[PDB]
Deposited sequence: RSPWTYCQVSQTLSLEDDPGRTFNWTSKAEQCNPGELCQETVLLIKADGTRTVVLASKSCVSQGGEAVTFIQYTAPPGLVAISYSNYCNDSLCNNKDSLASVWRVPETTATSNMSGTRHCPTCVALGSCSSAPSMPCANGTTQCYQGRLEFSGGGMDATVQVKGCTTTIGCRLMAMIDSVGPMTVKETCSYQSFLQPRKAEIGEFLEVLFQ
């Protein structure tokens, strides 16, 4: 009936090393458990967008879920979600265990990219991608603009998955296949 609670959005140089996810505890309503959910999104050569949620929650079992939505080279999207049902269980402190050539405008930002310089695409990329990710729920409401060379096909940076712990995801994009 106590859980760590925090909602953070950040751009992160080296979130594997530096990110401190330890948060203050708060009392849940009865018949609520804890969750810790983080989503990390990166383009080639960019910083990493980090959506990190800790809260009391009423829906769900005690699964631990690790997903790679989209694989390098290029765009990378990865999540860790731990739902757990004893006081202060959502206590992960660190993201260490979690995280004729073509050219594409490349960037990541919360909101809108200030710029999207052109970068050469590695072997294995299928397309240029210009997308927008809409997040809602869990006190985590946000947009992420993502452009770059990617392995994903069409508007599938988030692999057609609608939700990430307490967050809902909508994806819209343009893409230019090779």
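Without any C-alpha position in the structure, which residue ranges of the deposited sequence would you list, numbering from 1? The deposited sequence has unmodelled segments at 1 to 4, 104 to 115, 195 to 211.
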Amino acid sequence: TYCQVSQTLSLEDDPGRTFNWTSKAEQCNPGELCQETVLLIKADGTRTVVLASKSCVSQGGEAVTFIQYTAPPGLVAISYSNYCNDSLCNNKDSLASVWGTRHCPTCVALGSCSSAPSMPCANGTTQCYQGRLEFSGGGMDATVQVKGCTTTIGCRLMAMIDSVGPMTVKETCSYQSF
From here on, numbers count along this sequence of modelled residues.
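Look over 37 to 45 and 54 to 62 in the entry and identify the one with the greater average Cα temperature factor. Mean C-alpha B-factor is greater for 54 to 62.
Looking only at CA atoms, which has the higher mean B factor in the entry: 140 to 148 or 25 to 33? Mean CA B-factor is higher for 25 to 33.
Between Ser174, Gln7, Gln4, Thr1, which one tops the list for Cα B-factor in this entry? Within the set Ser174, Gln7, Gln4, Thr1, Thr1 shows the top C-alpha B-factor.
Considering every modelled residue of the chain and its Cα B-factor in the PDB entry, is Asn123 in the lowest, middle or highest third? Tercile = highest for this residue's CA B-factor.
Would you mind ranking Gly100 by its C-alpha B-factor against the rest of the chain and naming the third, lowest, middle or highest? According to the entry, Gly100 has a C-alpha B-factor in the chain's highest third.
Is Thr168 in the lowest, middle or highest third of its chain when residues are ranked by C-alpha B-factor? CA B-factor rank for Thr168: lowest third.
Using the B-factors in the PDB entry, rank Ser87's C-alpha atom against the chain and give the third, lowest, middle or highest. Highest third - that is where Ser87 ends up once the chain's C-alpha B-factors are sorted.
Assigned third (lowest, middle, highest) for the C-alpha B factor of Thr106: According to the entry, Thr106 has a C-alpha B-factor in the chain's lowest third.
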